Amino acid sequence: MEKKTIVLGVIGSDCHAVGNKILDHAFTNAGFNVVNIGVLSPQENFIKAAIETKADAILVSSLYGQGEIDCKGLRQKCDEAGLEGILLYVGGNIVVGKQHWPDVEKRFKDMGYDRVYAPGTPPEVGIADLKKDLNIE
């Protein structure tokens, strides 16, 4: 795969870290330059990193359930920061509790996320989607 840069982080007041280490490992192995801002990351940290590194995509991980709050407004802040059209992915355990997945997916797509991932998504699925979205399959 041709080299591209992503920002990777866990949003909000969320301290879950193991999935972040695995995602970094997997996307690096797939050929991406992973800019990993780590856990407990406000939206601004994702945007600062994407600007500094000219990132092609921002992968927001959210495990603790309060991402439904934390994730609102990221697209708008990205637009205002000059990142129009950047890919925004969100995945993990992104709402509080088991819910009807089509409802969750629409709720986050309506927030401006390009792709929205359910619990237990293998990193390989996001890698394949990213290659397709960046046209580097």
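All residue numbers refer to positions in the sequence shown, first residue = 1.
**Student:** Look over 97-105 and 43-51 in the entry and identify the one with the greater average Cα temperature factor.
**Tutor:** Between 43-51 and 97-105, it is 43-51 that shows the higher mean C-alpha B-factor.
**Student:** Is the mean CA B factor in the deposited entry higher across 14-22 or across 121-129?
**Tutor:** It is 121-129.
**Student:** Out of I58, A81, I69, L63, whose C-alpha atom has the biggest B factor in the entry?
**Tutor:** It is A81.
**Student:** Check where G112 lands among this chain's C-alpha B-factors and tell me if it's the lowest, middle or highest third.
**Tutor:** For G112, the deposited C-alpha B-factor lands in the middle third.
**Student:** Quick one: classify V90 as lowest, middle or highest third of the chain based on its Cα B-factor.
**Tutor:** It belongs to the lowest third of the chain when residues are ordered by C-alpha B-factor.
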